[PDB]
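Undergrad: Supplied in structure tokens, the structure appears directly below.
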Amino acid sequence: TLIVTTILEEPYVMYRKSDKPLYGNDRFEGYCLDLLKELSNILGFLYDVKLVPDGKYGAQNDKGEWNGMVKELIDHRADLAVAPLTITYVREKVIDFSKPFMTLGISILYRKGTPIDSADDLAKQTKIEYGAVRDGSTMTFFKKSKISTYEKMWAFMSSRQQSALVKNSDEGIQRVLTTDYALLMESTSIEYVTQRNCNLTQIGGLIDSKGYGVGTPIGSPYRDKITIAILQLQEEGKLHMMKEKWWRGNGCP
Amino acid sequence: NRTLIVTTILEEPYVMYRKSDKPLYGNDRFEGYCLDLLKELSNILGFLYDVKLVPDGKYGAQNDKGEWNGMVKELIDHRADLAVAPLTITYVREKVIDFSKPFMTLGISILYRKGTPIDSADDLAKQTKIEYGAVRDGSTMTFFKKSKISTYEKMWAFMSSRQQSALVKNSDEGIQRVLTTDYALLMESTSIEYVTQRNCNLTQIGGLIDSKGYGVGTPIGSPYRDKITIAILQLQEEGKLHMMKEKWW
Ligand SMILES: O=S1(=O)NCN(CCF)c2ccc(Cl)cc21
Ligand SMILES: O=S1(=O)NCN(CCF)c2ccc(Cl)cc21
Ligand SMILES: C=C(C)[C@H]1CN[C@H](C(=O)O)[C@H]1CC(=O)O
Ligand SMILES: C=C(C)[C@H]1CN[C@H](C(=O)O)[C@H]1CC(=O)O
Ligand SMILES: [Cl-]
């Protein structure tokens, strides 16, 4: 029986809707749960899903200490992390990621109706505020970047004691819907959001290329097996079916 | 430290013979995306390397008796330390070697001539006048062979009919077939991109029908695999892989 650490994030992992109190794995549904089910069926393991106690994904502080799901793996409090956990340089040095089960890139979430069409449109002005979820991989992309425009955007994002950043995606979404604000957001989440709320749209294409992967502790004997199962699921068209299932939403033009 | 043996294969624009007016020797024989990648990896990780073309000139597939060939076999048998090529990360291969995380993303798509009303794989699957195929024994052909999706099973039935006459031995052959005859080639999207920049009568039809990547191959248990994965992620986040692709495409 593996311990799986995860985090609430639509539509990957959500509280199931019911009139009775829920317990254990039955508390949850979503893309990641469907994934975990397929993975257990292929590999034959049992699993206990547990929300990550500090409710974080995994980032470093000044002193080099980790938190979130990444920390859970490092400390062996979980065997797998199944969540939209972005595969990044800094994380991959401290955990063993499976190969990606989903591809994505950073893009822009914004309200419909405007001439804005790219990141460059934002970086070369100051009237439109823009930011990212604080300490997420998207923020780290801008902070570590040495590319001109992205350097400029980070300067603005982090200025004024980081007032342009948000603590979570929902806050970002509300901020886009209410004020003159664009959120730098992972493309898969933009796709999800813009098919439920027809007032929102993606601006431009992907500014980078990356994946979500299943996290395991360094040296874990499951990583390679999960990689192999993921490849099987992709080649069978199942990853694609799973995403169609959970991204369908309400439908927007 | 021991000079690493790197198996690879000629394929534009990943690995090509360098154009010079005099004979070439060693690594100097070669240029291309994968040579640039290799050189970036060696600088980050600090290894020396000798590039060696795979003797049988194959990527790596199994025969009836389940025996492997090509670069994959080279790695399995420890005749090479690394494989640096457009070697698709697949289920069957990952079971027998270790791949780094992908340095490039791609999917199967369609190479065809411009000006036609064909718009998707479906369009091809439901007809028989337009011939279509893939490189024999490549990961693309294997995808269709193993698919249980209705459209793709129908396509596999077509491709394998008539003793696989719809298949080609290599991408160059496929490309000429598309240019000359009424033929569509199922081809990796990255290669389509390269071809259509250079052949203005050709285009991609429809989107990607799957999603995968090229990765550096190492023998199972190699200590270079994770190191190379981390180096790849670093190159990616610094935008050098993007630069490298633009350079060669
Ligand atoms: O073959 S993989 O390592 N795992 C399966 N997927 C499909 C889900 F993303 C992808 C996608 C993109 C790239 Cl570059 C690589 C891969
Ligand atoms: O983090 S990775 O495994 N290796 C780095 N890259 C960049 C190579 F394109 C990508 C791209 C797409 C996906 Cl899904 C996954 C990855
Ligand atoms: C939803 C959140 C905060 C996560 C999801 N993947 C990124 C990560 O794994 O860091 C974060 C998003 C982002 O940074 O745009
Ligand atoms: C060019 C060739 C024959 C290779 C390249 N990658 C795939 C592989 O690694 O199998 C093959 C192409 C394909 O099957 O469309
Ligand atoms: Cl990996």
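Each chain of the structure tokens is named A, B, ... in the order shown, its residues numbered from 1; ligands are numbered from 1 in display order.
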What residues in chain B have any atom no more than 9 Å from chain A when counting only C-alpha atoms, and can you write them as an mmCIF file with N, CA, C and O atoms, in the first residue's frame?
TA:
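For reference, iface_31.cif as written:
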data_model
loop_
_atom_site.group_PDB
_atom_site.id
_atom_site.type_symbol
_atom_site.label_atom_id
_atom_site.label_comp_id
_atom_site.auth_asym_id
_atom_site.auth_seq_id
_atom_site.Cartn_x
_atom_site.Cartn_y
_atom_site.Cartn_z
ATOM 1 N N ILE B 89 10.883 7.991 -27.486
ATOM 2 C CA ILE B 89 10.656 7.319 -26.221
ATOM 3 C C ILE B 89 9.346 6.543 -26.290
ATOM 4 O O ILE B 89 8.266 7.120 -26.392
ATOM 5 N N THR B 90 9.436 5.223 -26.261
ATOM 6 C CA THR B 90 8.248 4.392 -26.391
ATOM 7 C C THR B 90 8.224 3.352 -25.277
ATOM 8 O O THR B 90 9.243 3.073 -24.643
ATOM 9 N N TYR B 91 7.044 2.797 -25.047
ATOM 10 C CA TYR B 91 6.835 1.753 -24.063
ATOM 11 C C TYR B 91 7.785 0.575 -24.280
ATOM 12 O O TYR B 91 8.500 0.185 -23.366
ATOM 13 N N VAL B 92 7.810 0.020 -25.489
ATOM 14 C CA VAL B 92 8.630 -1.161 -25.738
ATOM 15 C C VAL B 92 10.113 -0.867 -25.538
ATOM 16 O O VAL B 92 10.858 -1.726 -25.082
ATOM 17 N N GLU B 94 11.472 1.646 -23.563
ATOM 18 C CA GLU B 94 11.759 2.043 -22.192
ATOM 19 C C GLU B 94 11.894 0.819 -21.279
ATOM 20 O O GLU B 94 12.594 0.851 -20.275
ATOM 21 N N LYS B 95 11.237 -0.273 -21.641
ATOM 22 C CA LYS B 95 11.380 -1.502 -20.879
ATOM 23 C C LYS B 95 12.773 -2.128 -20.986
ATOM 24 O O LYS B 95 13.174 -2.881 -20.099
ATOM 25 N N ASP B 98 17.250 2.673 -20.549
ATOM 26 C CA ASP B 98 16.860 3.876 -19.808
ATOM 27 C C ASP B 98 16.925 5.123 -20.703
ATOM 28 O O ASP B 98 17.954 5.403 -21.308
ATOM 29 N N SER B 100 16.691 9.318 -20.905
ATOM 30 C CA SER B 100 16.606 10.573 -20.181
ATOM 31 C C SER B 100 15.216 11.155 -20.422
ATOM 32 O O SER B 100 14.475 10.661 -21.278
ATOM 33 N N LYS B 101 14.859 12.212 -19.695
ATOM 34 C CA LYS B 101 13.645 12.951 -20.027
ATOM 35 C C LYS B 101 13.812 13.542 -21.422
ATOM 36 O O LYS B 101 14.935 13.691 -21.895
ATOM 37 N N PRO B 102 12.700 13.857 -22.097
ATOM 38 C CA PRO B 102 12.835 14.290 -23.490
ATOM 39 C C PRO B 102 13.521 15.645 -23.692
ATOM 40 O O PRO B 102 13.273 16.587 -22.941
ATOM 41 N N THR B 105 9.877 17.626 -27.966
ATOM 42 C CA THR B 105 8.532 17.065 -27.972
ATOM 43 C C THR B 105 8.029 16.945 -29.397
ATOM 44 O O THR B 105 8.440 17.715 -30.265
ATOM 45 N N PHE B 143 3.096 2.333 -33.547
ATOM 46 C CA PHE B 143 1.920 2.971 -32.949
ATOM 47 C C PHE B 143 0.659 2.455 -33.610
ATOM 48 O O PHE B 143 -0.274 2.031 -32.932
ATOM 49 N N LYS B 146 -0.103 -1.279 -32.910
ATOM 50 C CA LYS B 146 -0.577 -1.616 -31.570
ATOM 51 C C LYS B 146 -1.865 -0.909 -31.154
ATOM 52 O O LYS B 146 -2.451 -1.249 -30.128
ATOM 53 N N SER B 147 -2.308 0.074 -31.929
ATOM 54 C CA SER B 147 -3.477 0.845 -31.524
ATOM 55 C C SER B 147 -4.765 0.033 -31.576
ATOM 56 O O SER B 147 -4.959 -0.793 -32.472
ATOM 57 N N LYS B 148 -5.641 0.286 -30.610
ATOM 58 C CA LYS B 148 -6.975 -0.308 -30.589
ATOM 59 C C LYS B 148 -8.021 0.745 -30.933
ATOM 60 O O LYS B 148 -9.212 0.473 -30.875
ATOM 61 N N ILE B 149 -7.575 1.955 -31.262
ATOM 62 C CA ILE B 149 -8.496 2.993 -31.702
ATOM 63 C C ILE B 149 -8.994 2.621 -33.096
ATOM 64 O O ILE B 149 -8.221 2.169 -33.944
ATOM 65 N N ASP B 210 -0.745 11.940 -31.449
ATOM 66 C CA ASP B 210 -0.292 11.501 -30.129
ATOM 67 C C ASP B 210 0.715 12.497 -29.564
ATOM 68 O O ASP B 210 0.896 13.583 -30.115
ATOM 69 N N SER B 211 1.382 12.124 -28.482
ATOM 70 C CA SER B 211 2.263 13.053 -27.803
ATOM 71 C C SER B 211 3.435 12.281 -27.212
ATOM 72 O O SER B 211 3.242 11.375 -26.410
ATOM 73 N N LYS B 212 4.650 12.611 -27.628
ATOM 74 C CA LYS B 212 5.812 11.909 -27.105
ATOM 75 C C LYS B 212 7.059 12.739 -27.264
ATOM 76 O O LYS B 212 6.984 13.921 -27.589
ATOM 77 N N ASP B 226 20.211 9.982 -15.145
ATOM 78 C CA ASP B 226 19.630 11.062 -14.343
ATOM 79 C C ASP B 226 20.403 12.373 -14.505
ATOM 80 O O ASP B 226 19.812 13.453 -14.601
ATOM 81 N N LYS B 227 21.726 12.275 -14.552
ATOM 82 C CA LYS B 227 22.561 13.453 -14.784
ATOM 83 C C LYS B 227 22.202 14.149 -16.098
ATOM 84 O O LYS B 227 22.112 15.378 -16.163
ATOM 85 N N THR B 229 19.352 13.919 -17.716
ATOM 86 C CA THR B 229 18.002 14.471 -17.547
ATOM 87 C C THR B 229 18.058 15.866 -16.912
ATOM 88 O O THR B 229 17.371 16.801 -17.342
ATOM 89 N N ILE B 230 18.882 16.004 -15.883
ATOM 90 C CA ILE B 230 18.986 17.281 -15.179
ATOM 91 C C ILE B 230 19.640 18.330 -16.080
ATOM 92 O O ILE B 230 19.215 19.483 -16.108
ATOM 93 N N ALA B 231 20.649 17.915 -16.847
ATOM 94 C CA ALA B 231 21.303 18.810 -17.794
ATOM 95 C C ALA B 231 20.327 19.261 -18.875
ATOM 96 O O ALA B 231 20.354 20.408 -19.297
ATOM 97 N N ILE B 232 19.476 18.349 -19.330
ATOM 98 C CA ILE B 232 18.458 18.683 -20.319
ATOM 99 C C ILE B 232 17.457 19.709 -19.788
ATOM 100 O O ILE B 232 17.098 20.651 -20.487
ATOM 101 N N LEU B 233 17.012 19.523 -18.552
ATOM 102 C CA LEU B 233 16.086 20.463 -17.933
ATOM 103 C C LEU B 233 16.707 21.852 -17.803
ATOM 104 O O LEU B 233 16.051 22.862 -18.044
ATOM 105 N N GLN B 234 17.980 21.893 -17.428
ATOM 106 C CA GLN B 234 18.710 23.148 -17.333
ATOM 107 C C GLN B 234 18.787 23.843 -18.699
ATOM 108 O O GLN B 234 18.453 25.023 -18.813
ATOM 109 N N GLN B 236 16.826 23.424 -21.128
ATOM 110 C CA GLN B 236 15.477 23.811 -21.519
ATOM 111 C C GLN B 236 15.070 25.129 -20.883
ATOM 112 O O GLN B 236 14.572 26.030 -21.562
ATOM 113 N N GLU B 237 15.276 25.229 -19.574
ATOM 114 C CA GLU B 237 14.830 26.396 -18.828
ATOM 115 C C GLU B 237 15.643 27.644 -19.173
ATOM 116 O O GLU B 237 15.158 28.762 -19.031
ATOM 117 N N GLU B 238 16.859 27.447 -19.666
ATOM 118 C CA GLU B 238 17.693 28.562 -20.105
ATOM 119 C C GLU B 238 17.352 28.966 -21.535
ATOM 120 O O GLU B 238 17.889 29.942 -22.056
ATOM 121 N N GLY B 239 16.481 28.189 -22.174
ATOM 122 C CA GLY B 239 16.054 28.456 -23.536
ATOM 123 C C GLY B 239 17.020 28.031 -24.632
ATOM 124 O O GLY B 239 16.853 28.406 -25.787
ATOM 125 N N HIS B 242 15.437 25.575 -27.232
ATOM 126 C CA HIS B 242 14.635 26.332 -28.173
ATOM 127 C C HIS B 242 15.541 26.983 -29.218
ATOM 128 O O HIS B 242 15.267 26.903 -30.410
#
Undergrad: Pick out the residues no farther than 8 Å from ligand 3, counting only C-alpha atoms and all ligand atoms, and list them as a PyMOL selection string.
TA: chain A and resi 9+56-59+83-87+106+132-140+168-169+184-186+212
Undergrad: Suppose we keep C-alpha atoms; can you now write the selection as a PDB file, in the first residue's frame?
TA:
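Output saved as result-v8.pdb:
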ATOM      1  CA  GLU A   9      -6.430  21.567  -7.727  1.00  0.00           C
ATOM      2  CA  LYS A  56       2.087  23.431  -1.066  1.00  0.00           C
ATOM      3  CA  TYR A  57       3.640  22.030  -4.249  1.00  0.00           C
ATOM      4  CA  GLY A  58       7.329  22.335  -3.411  1.00  0.00           C
ATOM      5  CA  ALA A  59       9.739  25.258  -3.452  1.00  0.00           C
ATOM      6  CA  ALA A  83      -0.747  16.166  -8.958  1.00  0.00           C
ATOM      7  CA  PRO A  84      -0.052  18.841 -11.557  1.00  0.00           C
ATOM      8  CA  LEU A  85       3.558  18.914 -10.285  1.00  0.00           C
ATOM      9  CA  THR A  86       5.678  20.655 -12.877  1.00  0.00           C
ATOM     10  CA  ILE A  87       8.933  18.895 -13.816  1.00  0.00           C
ATOM     11  CA  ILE A 106       3.415  28.963 -19.517  1.00  0.00           C
ATOM     12  CA  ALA A 132       1.815  34.621 -11.301  1.00  0.00           C
ATOM     13  CA  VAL A 133       1.143  32.351  -8.347  1.00  0.00           C
ATOM     14  CA  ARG A 134       3.854  33.176  -5.784  1.00  0.00           C
ATOM     15  CA  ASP A 135       6.609  30.515  -5.541  1.00  0.00           C
ATOM     16  CA  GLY A 136       5.098  28.360  -8.301  1.00  0.00           C
ATOM     17  CA  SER A 137       7.220  27.043 -11.165  1.00  0.00           C
ATOM     18  CA  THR A 138       5.841  29.831 -13.356  1.00  0.00           C
ATOM     19  CA  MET A 139       7.141  32.525 -11.023  1.00  0.00           C
ATOM     20  CA  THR A 140      10.475  30.715 -10.798  1.00  0.00           C
ATOM     21  CA  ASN A 168      -3.166  30.783  -5.667  1.00  0.00           C
ATOM     22  CA  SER A 169      -4.788  30.266  -9.051  1.00  0.00           C
ATOM     23  CA  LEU A 184       0.799  34.050 -16.191  1.00  0.00           C
ATOM     24  CA  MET A 185      -0.605  30.534 -15.899  1.00  0.00           C
ATOM     25  CA  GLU A 186       0.170  26.986 -17.079  1.00  0.00           C
ATOM     26  CA  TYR A 212       3.752  17.292 -15.223  1.00  0.00           C
TER      27      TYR A 212
END
Undergrad: Could you please write out, as a PyMOL selection string, every residue of region 88-240 of chain A that DSSP assigns to helix (DSSP H, G or I)?
TA: chain A and resi 89-92+119-123+137-144+148-162+169-178+187-194+223-235+238-240
Undergrad: Smallest atom-to-atom distance to residue 33 (chain A): which of A:163, A:148, A:6, A:188, using only C-alpha atoms?
TA: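 Nearest candidate to residue 33 (chain A) out of A:163, A:148, A:6, A:188: A:6.
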Undergrad: Check every protein, DNA and RNA residue against ligand 4, keep those with an atom at most 8 Å away (counting only C-alpha atoms and all ligand atoms), and present them as a list in words.
TA: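 Checked against 8 Å with only C-alpha atoms and all ligand atoms; the hits are residues 11, 58, 59, 60, 61, 85, 86, 87, 88, 89, 108, 134, 135, 136, 137, 138, 139, 140, 141, 142, 169, 170, 171, 186, 187, 188 and 214 of chain B.
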Undergrad: Set the distance at 9 Å and use only C-alpha atoms: which residues neighbour residue 126 (chain B) once local chain neighbours fewer than 2 positions away are removed? I'd like the list as a PyMOL selection string.
TA: chain B and resi 121-124+128+151+154-155
Undergrad: Give me, as a PyMOL selection string, the residues of region 8-225 of chain B that a backbone DSSP run labels strand (DSSP E or B).
TA: chain B and resi 8+11+15-17+30-31+49-53+62+68+82-83+88+98-99+104-106+108-113+131-133+135+168+183-188+202-205+212-214+217-218
Undergrad: May I have the residues within 9 Å of residue 220 (chain B) as a ChimeraX atom specification, using only C-alpha atoms and disregarding those fewer than 6 positions away in the same chain?
TA: /B:75-76,95-99
Undergrad: Output N, CA and C atoms of each residue in that selection to a file, as a short mmCIF file (atom, residue, chain, number, x, y, z; two decimals), in the first residue's frame.
TA:
data_model
loop_
_atom_site.label_atom_id
_atom_site.label_comp_id
_atom_site.auth_asym_id
_atom_site.auth_seq_id
_atom_site.Cartn_x
_atom_site.Cartn_y
_atom_site.Cartn_z
N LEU B 75 22.90 -0.29 -26.94
CA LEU B 75 22.85 0.09 -25.53
C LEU B 75 22.62 -1.14 -24.64
N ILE B 76 21.66 -1.98 -25.02
CA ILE B 76 21.36 -3.18 -24.26
C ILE B 76 22.64 -3.99 -24.06
N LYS B 95 11.24 -0.27 -21.64
CA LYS B 95 11.38 -1.50 -20.88
C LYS B 95 12.77 -2.13 -20.99
N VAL B 96 13.52 -1.81 -22.05
CA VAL B 96 14.82 -2.47 -22.26
C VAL B 96 16.04 -1.56 -22.15
N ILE B 97 15.83 -0.25 -22.22
CA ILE B 97 16.90 0.70 -21.95
C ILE B 97 16.36 1.80 -21.03
N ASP B 98 17.25 2.67 -20.55
CA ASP B 98 16.86 3.88 -19.81
C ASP B 98 16.93 5.12 -20.70
N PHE B 99 15.83 5.87 -20.78
CA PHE B 99 15.83 7.13 -21.51
C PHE B 99 15.96 8.28 -20.53
#
Undergrad: Just checking: using only C-alpha atoms, which residue out of B:216, B:175, B:241, B:51 ends up closest to residue 83 (chain B)?
TA: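 Smallest separation from residue 83 (chain B) among the options: B:216.
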Undergrad: Residues within 12 Å of region 109-114 of chain B, please, as a count of residues only. Count only C-alpha atoms; anything in the same chain fewer than 6 positions from it doesn't count.
TA: 50
Undergrad: Quick one: everything within 12 Å of residue 111 (chain A), counting only C-alpha atoms, minus sequence neighbours fewer than 3 positions away in the same chain. Send it as a ChimeraX atom specification.
TA: /A:108,114-117,128,172-183,190,193-194,197-203
Undergrad: Atoms to include: C-alpha atoms. Write the selected residues as a PDB file, in the first residue's frame.
TA:
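Written out: part36.pdb:
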ATOM      1  CA  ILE A 108      -1.379  34.220 -20.406  1.00  0.00           C
ATOM      2  CA  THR A 114      -8.503  43.424 -25.919  1.00  0.00           C
ATOM      3  CA  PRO A 115      -5.679  44.004 -28.429  1.00  0.00           C
ATOM      4  CA  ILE A 116      -3.174  42.235 -26.194  1.00  0.00           C
ATOM      5  CA  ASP A 117      -1.708  39.305 -28.089  1.00  0.00           C
ATOM      6  CA  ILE A 128      -1.916  46.414 -17.329  1.00  0.00           C
ATOM      7  CA  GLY A 172      -5.470  35.016  -9.963  1.00  0.00           C
ATOM      8  CA  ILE A 173      -8.652  34.137 -11.835  1.00  0.00           C
ATOM      9  CA  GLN A 174     -10.783  36.481  -9.694  1.00  0.00           C
ATOM     10  CA  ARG A 175      -8.214  39.207 -10.185  1.00  0.00           C
ATOM     11  CA  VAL A 176      -8.354  38.828 -13.992  1.00  0.00           C
ATOM     12  CA  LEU A 177     -12.169  38.911 -13.996  1.00  0.00           C
ATOM     13  CA  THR A 178     -12.398  42.047 -11.809  1.00  0.00           C
ATOM     14  CA  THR A 179      -9.434  44.289 -12.569  1.00  0.00           C
ATOM     15  CA  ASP A 180      -7.028  45.118 -15.409  1.00  0.00           C
ATOM     16  CA  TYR A 181      -4.809  42.130 -14.715  1.00  0.00           C
ATOM     17  CA  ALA A 182      -3.317  39.247 -16.710  1.00  0.00           C
ATOM     18  CA  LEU A 183      -2.218  36.024 -15.027  1.00  0.00           C
ATOM     19  CA  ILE A 190      -5.942  28.083 -18.915  1.00  0.00           C
ATOM     20  CA  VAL A 193     -10.687  27.683 -17.089  1.00  0.00           C
ATOM     21  CA  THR A 194     -11.567  29.082 -20.531  1.00  0.00           C
ATOM     22  CA  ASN A 197     -15.910  30.722 -18.094  1.00  0.00           C
ATOM     23  CA  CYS A 198     -16.582  32.280 -21.476  1.00  0.00           C
ATOM     24  CA  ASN A 199     -15.360  35.693 -20.336  1.00  0.00           C
ATOM     25  CA  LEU A 200     -11.778  34.497 -20.185  1.00  0.00           C
ATOM     26  CA  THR A 201      -9.273  33.753 -22.919  1.00  0.00           C
ATOM     27  CA  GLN A 202      -5.693  32.706 -23.533  1.00  0.00           C
ATOM     28  CA  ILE A 203      -3.388  35.376 -24.908  1.00  0.00           C
TER      29      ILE A 203
END
Undergrad: Restricting the calculation to only C-alpha atoms and all ligand atoms, which member of A:124, A:248, A:112, A:243 is positioned closest to ligand 1?
TA: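 Of A:124, A:248, A:112, A:243, the one nearest ligand 1 is A:243, counting only C-alpha atoms and all ligand atoms.
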Undergrad: As an exercise, work out the distance from CA of residue 62 (chain A) to CA of residue 167 (chain A) in Å and give it to one decimal place.
TA: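 Pair CA of residue 62 (chain A) / CA of residue 167 (chain A) returns 18.6 Å.
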Undergrad: Please compute the CA of residue 11 (chain A)-CA of residue 192 (chain A) distance, one decimal, in Å.
TA: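 Separating CA of residue 11 (chain A) from CA of residue 192 (chain A) is a distance of 7.6 Å.
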